[PDB]
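What follows is calculated from the coordinates using simple rules that are stated; it is not laboratory data. All Cβ positions, even for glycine, are placed from backbone atoms using ideal geometry, and neighbour counts span all protein chains on display.
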Amino acid sequence: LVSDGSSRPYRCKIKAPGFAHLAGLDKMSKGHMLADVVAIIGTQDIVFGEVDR
Amino acid sequence: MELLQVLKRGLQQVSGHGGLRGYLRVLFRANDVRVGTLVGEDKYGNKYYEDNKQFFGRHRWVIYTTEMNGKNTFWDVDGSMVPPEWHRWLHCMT
Amino acid sequence: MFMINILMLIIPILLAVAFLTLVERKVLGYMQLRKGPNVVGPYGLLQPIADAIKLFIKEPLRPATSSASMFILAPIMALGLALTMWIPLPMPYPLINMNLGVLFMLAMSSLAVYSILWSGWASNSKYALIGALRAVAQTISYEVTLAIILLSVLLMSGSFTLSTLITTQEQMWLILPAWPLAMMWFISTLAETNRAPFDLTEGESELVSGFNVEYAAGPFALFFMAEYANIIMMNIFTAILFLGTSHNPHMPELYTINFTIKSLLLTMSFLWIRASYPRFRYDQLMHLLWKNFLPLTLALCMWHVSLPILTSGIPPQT
Amino acid sequence: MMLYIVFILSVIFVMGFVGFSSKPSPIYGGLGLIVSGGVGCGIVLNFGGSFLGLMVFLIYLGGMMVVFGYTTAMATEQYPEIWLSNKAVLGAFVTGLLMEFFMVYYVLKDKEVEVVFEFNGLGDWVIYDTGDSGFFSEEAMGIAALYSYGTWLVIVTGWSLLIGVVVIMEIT
Amino acid sequence: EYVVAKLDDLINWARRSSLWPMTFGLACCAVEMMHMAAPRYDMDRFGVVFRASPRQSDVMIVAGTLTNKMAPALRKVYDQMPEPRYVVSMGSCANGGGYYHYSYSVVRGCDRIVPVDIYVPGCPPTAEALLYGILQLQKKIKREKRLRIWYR
Amino acid sequence: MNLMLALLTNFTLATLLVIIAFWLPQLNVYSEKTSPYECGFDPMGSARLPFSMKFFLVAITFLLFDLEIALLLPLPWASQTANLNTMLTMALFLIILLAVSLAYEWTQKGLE
Amino acid sequence: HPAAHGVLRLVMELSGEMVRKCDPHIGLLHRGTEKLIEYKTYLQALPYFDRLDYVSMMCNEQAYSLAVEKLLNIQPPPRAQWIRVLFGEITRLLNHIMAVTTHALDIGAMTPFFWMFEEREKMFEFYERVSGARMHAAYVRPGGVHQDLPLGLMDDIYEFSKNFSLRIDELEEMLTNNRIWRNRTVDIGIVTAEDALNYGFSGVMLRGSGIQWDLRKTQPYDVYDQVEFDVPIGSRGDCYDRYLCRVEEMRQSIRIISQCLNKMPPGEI
Amino acid sequence: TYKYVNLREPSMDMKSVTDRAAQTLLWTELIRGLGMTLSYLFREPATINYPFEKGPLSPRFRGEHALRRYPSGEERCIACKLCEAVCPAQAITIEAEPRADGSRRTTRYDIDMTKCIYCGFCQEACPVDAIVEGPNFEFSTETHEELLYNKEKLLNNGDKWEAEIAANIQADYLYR
Ligand code: SF4
Ligand code: SF4
Ligand code: SF4
């Protein structure tokens, strides 16, 4: 949170997972089937609108 | 052993509730057929039974009857009908 | 009036397969803690007359990209081999008496999967294309688990007909003696007819919706009424091939009464599962058949062969 | 339901073939078989042989063909077609169909024409049975189970299959 | 003469009494849809069975926020549905867009993309004014298919 | 003579019921636009179906285990004989000729 | 259907069976946020932090309201914080009731959903009684909690907590050692590397993978220091040892909610 | 501190390994739970039978709007233009203009009911204590031409129940 010294802010930059836990799908899953990749995601707990990051 | 035990509440839930007439009629409105203990006064046609304080959240219930205000008869029941008092009662806000 | 004994069968059954769909979600309702279709009935028992009528009013699209000649002969089946298979099935008196007829089921158990391969191919691309291909592949590998473990017991009863199979289970409920097999007679029909724990054919999880995806309300009642015309039959079979009733040459009627109070318990098993278990990820799905289910089924066959011969037991038939 | 219910099957059978004996875009090839196989297992179920008929459904028509149909998605043709639509397929058809018809027309359309087609009478199934009999499982192929006398017939077939897989474990 | 208008106490009572709603999860509003099919307020078994495939549905439901890149997807899905179709938006973001209504990458309103029928108003509508919004749509079939064939 | 009366009865309800469902509203006066919007949720999909092998073998692999369990079928009729030893000694061969044919291939199923 | 209450489109080039490639397209929900929070004041722009995720509510804003009190050199009064542990550590009972279930609705089961959300309701009251609304509730602020809580809730928190460790014992006999599930997950998607750090992952898919670190006890928040808890850890880096944190991490919380009802001192808010 | 999970080794002795070979091959586990922990159906269902019974709430609940008035009515709103200026979503719209006597009041007051994000920022900025989020979820009409409200929709909607509202604040106002 930058702030410029007065009332309204300046960049407010939010980071939540979903730039990591899903940066690492492509890596993680190579070499297992397709019917795994549905059950890989569920463990990171990816929930979107958060990737509004 | 359990065939006549619980059964003695239901046969008194039927034969002592409206006989055959006042039973099938309160079942056809919904399957809520359990007869609460007490009653309530208000207001037009719509009672409030209230259970014995033996449940939480299904302990406080209501009954709709007929043609409140320029209304279709019965099988239309929505739930915006309750008088703007019971929102302080039926909703368990207080 | 032999033609009015038939049409008294086809009609009165289409009510069960209809009113199963209701007891579908009541029984599976109270597993969840809730009530089942309620508002419309009054009890709900009136739901399925309203549901049969919404589909055939609702417009039946065809894909612009389809081959219409196959998009008919295929479903014009999913309702035959489901309603033909019922024919020689004693309760107690079957409509037909087929000499070797037990074998005749496998004839009609084998010829339905050749109505899946048509439809999913008849239409179009990869959700019903390779998606109706690889439900072929599992459906034929659960026969070899089957015909053997059907053929086992038939060493223990003497022939291929069904009038003998009431005689031998007299006072012995044929489930004692082979109880190891009986298990595998169950997981088969549940794996073959595409039901809960091995669910893949009809899609929910692994894909969008398997094999049903294209048919709009118009044809899709048939399949949704076909797929439930197998499930209440294999399960109206198992209980003539295992849990036997006691024929009565006098009050035939008390045979069926006690007979539907079994086959109708038994069925309520594919509903009592579906609330419970998850799915198999198609590798594990066949990969558990050859390795695991099969070696036994051969081994037991080397056993029920000798057990009669080694006890002077040999059952009285040709 | 006359006495001709056999002759009416075969001439559907004989017409079962010529569908796929020309050139139909072989996803309809199957539908030239399972009719032919079906009516074929139809004819055999007369004459008293039964078990041996009801197997063709199980071992071949039911079981085999599906493999013939489980491929032709691997060899998959490009954009299939309704046969007899074309001018390439349709031309070859009829002349077959008429060739038995024009045969079947005056084969016997009259007293006799002439000799080679005249020594086959019709209509009572003159031969189709003999007398009466007793019963063994039926009489005929009711006893098709010989693990008695037949042995050197099995043990070749028993052994010839076991090699069926080894060959095919390789080239695959 | 009168048989028609008595017939529409069947067909106009059939289509209203069995609905096969699609849903769109997108944004916050999806969770207060789930709790309509959780056992408290029990959506199904009050006549409406929950999600099916795109082809078999009747009433699609829009939750959530509709950005640019989702519009080309919706429009297409709304089509394929059979005839007797409706569109019931919900949430303060299918009505003119919650907030984000001034953003750059949010379509403003989701009426603009399709002919929407019933509305519901607020971040999450309280899982109640949902069902209250349907017992509008089961009462919004008073219509008659008589008096098109049978007048003009 | 009453079997075929019990078959063509069955289809003719089914081959009826296609038209009274598929066809009847199919000529109804609703819109039914010809737009190429159909073939759901894989919009275009232009390819041949490629050969994928472990799809294939599970065809062949069965077809052969299938045969002999037609050969194996007439045991329960053959349990009634004169000399029976030529049965038990012989009957048990087919099975082990089946089970062997597993064990070999069992080194490689691949992903089946 | 497998969107997990969201809308992603991923594209894979699989090799005949195995995937070996994936490259998802996110950006379906963007909505244009951080361009719109330069245009709003500090207390006016709070909710757009609550509406970010759908599940954790008071745990967001605990991370904004702590990034403002700093620049102001100001701390809440003592009864402030000991709320923000009771709600702050009650919503860890939400995302761990969801990510064991609405994950395992993909695996296909039914009941472990229709069995739980009977209960995840009994919690949503406690957002409604305390302040207003069903889910998103704007309560925490730059100054500590908004307004005091009614006379009550401490016989509805206690009464509810001592019932709860049973429910979490109906997601155990129904899952852990049930085989068809054990086999759907073991040794699946294993990242054990020091890439599982190099990418800068956060908590679980860390702490369940070995490398041992957490930001609750290595840094204080708001009095978090004065209560005792143990951070479950995993054996091998697969999934089924990232599940097993999220059970033994719902059985730690009921320690703190039980430890934090005894200490709340009277004071302003 | 720490803990270590899934760190264990099998015992490897023939008193044990039967106990793990009486498990794989006899299914002695996997019938333990879902032979049982499933049934365990014999508990009373939990359902709020909806059209009639309804569930709990609290006096601080949020929902449909109102504008009160004192005893004999003043339209309690003074149009001080605040509940407008703290509004995150910017739903509110207010236009004052001096009423005939010279006391000021409103003319147009419009809460859009789609944009309103249900803060509880417009209940808490009004110093004269007019505008109040009601506790009734009555909603869901069939046309978006509607939910936009005018002034003279609100007042009624806030004089339809004031027996609901006027008895909540006097539970809640002692805290804040
Ligand atoms: S408020 Fe806007 S974002 Fe939050 S749920 Fe309702 S619509 Fe989705
Ligand atoms: S209520 Fe308070 S804020 Fe809303 S207008 Fe009247 S005075 Fe201004
Ligand atoms: S209710 Fe919430 S949104 Fe609507 S005005 Fe008051 S504060 Fe702004």
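Tabulated results
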| item | result |
| --- | --- |
| E:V87 long-range amide H proximity, modeled H, under 5 Å | E:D117, E:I118 |
| Chain A, relative contact order [Cα under 8 Å, separation at least 6], % | 40 |
| Most mobile listed residue (G:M123, G:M205, G:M174) in chain G, GNM with C-alpha springs under 10 Å | G:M174 |
| Per-residue mean of C-beta atoms belonging to partner chains within 10 Å, peptide G:12-22 | 5 |
| Bridge type composition, chain E - antiparallel percent by DSSP, nearest 5 | 10 |
| D:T151 versus D:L98: modelled label distance in nm, points set 7 Å from Cα along the beta carbon direction | 6.1 |
| Efficiency of FRET between G:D187 and G:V223 - r from beta-carbon atoms, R0 41 angstrom, step 0.05 | 0.50 |
| Within chain E, longest stretch free of exposed chymotrypsin sites (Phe, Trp or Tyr not before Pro) [DSSP loop, at most 13 other beta carbons within 10 Å] | E:3-101 |
| F:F51 versus D:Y4: modelled label distance in nm, points set 7 Å from Cα along the beta carbon direction | 5.1 |
| Nearest-20 debye value, chain A charge dipole, Cβ charges on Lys, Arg, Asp, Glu | 260 |
| Beta bridges per DSSP with both ends in the protein assembly as shown, % antiparallel, nearest 5 | 55 |
| Relative contact order computed over chain E (Cα-Cα under 8 Å; 6+ residues apart), in percent | 25 |
| In Hz, Karplus ³J(HN,Hα) per residue of the range B:27-38 (6.51, -1.76, 1.60; θ = phi - 60°; x = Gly, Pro) | 7, 5, 6, 5, 8, 7, 3, 3, 8, x, 7, 7 |
| Distance between the range H:68-118 and the range A:11-27 - C-alpha centres, whole angstrom | 43 |
| In the range G:34-130, the chymotrypsin sites (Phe, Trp or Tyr not before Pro) that fall in loop regions by DSSP, at most 11 other Cβ within 10 Å | G:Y39 |
| Sites matching GluC sites (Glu not before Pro) across the range D:74-138 that sit in DSSP coil, with at most 14 neighbouring C-beta atoms within 10 Å | D:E77, D:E81, D:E112, D:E114, D:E118 |
| Mean-position separation - Cα centroids, the range C:74-134 and the range H:119-176, in angstrom | 63 |
| Residue (of H:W161, D:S133, C:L165) at the positive-pole extreme of the protein assembly as shown, dipole from beta-carbon charges | H:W161 |
| Inter-site label distance for C:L89 and H:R99 at 7 Å from Cα along Cβ, in nm | 7.9 |
| Where chymotrypsin sites (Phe, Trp or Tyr not before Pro) fall in DSSP loop in the range D:118-165, at most 16 other Cβ within 10 Å | D:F119, D:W125, D:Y128, D:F135, D:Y149, D:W152 |
| Radius 12 Å from Cβ of E:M22, net charge of other residues (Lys, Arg +1; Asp, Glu -1) | +2 |
| Rounded FRET efficiency, nearest 0.05, which uses the C-beta distance separating F:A70 from G:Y199 and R0 of 51 Å | 0.30 |
| Environment charge of H:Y70, counting only residues whose C-beta is closer than 15 Å and scoring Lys/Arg +1, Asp/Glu -1 | -1 |
| For the range E:55-126, size of Cβ-based charge dipole, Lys and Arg +1, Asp and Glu -1, in debye | 280 |
| Dipole magnitude of the protein assembly as shown about its Cα centre (Cβ charges: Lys, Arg +1; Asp, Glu -1), debye to nearest 20 | 2360 |
| Residues of the range G:108-128 with amide N under 20 Å of the 7 Å Cα→Cβ point at G:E159 | G:118-128 |
| For chain C: relative contact order, % (alpha-carbon pairs under 8 angstrom, 6 or more apart) | 23 |
| Nearest 10 degrees, 0 to 90: helix E:71-80 Cα axis against chain E principal axis | 20 |
| Most mobile of H:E133, H:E145, H:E75 in a GNM of chain H (Cα contacts under 10 Å) | H:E145 |
| Mean-position separation - Cα centroids, the range G:191-220 and the range G:45-77, in angstrom | 24 |
| Spatially close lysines, pair count over the range G:10-269: Cα under 27 Å, gap of eight or more or interchain | 9 |
| Estimated FRET transfer efficiency (E:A52, H:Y70; beta-carbon r; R0 45 Å; 0.05) | 0.25 |
| Top of G:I257, G:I190, G:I180 by mean-square fluctuation, Gaussian network on chain G, Cα under 10 Å | G:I180 |
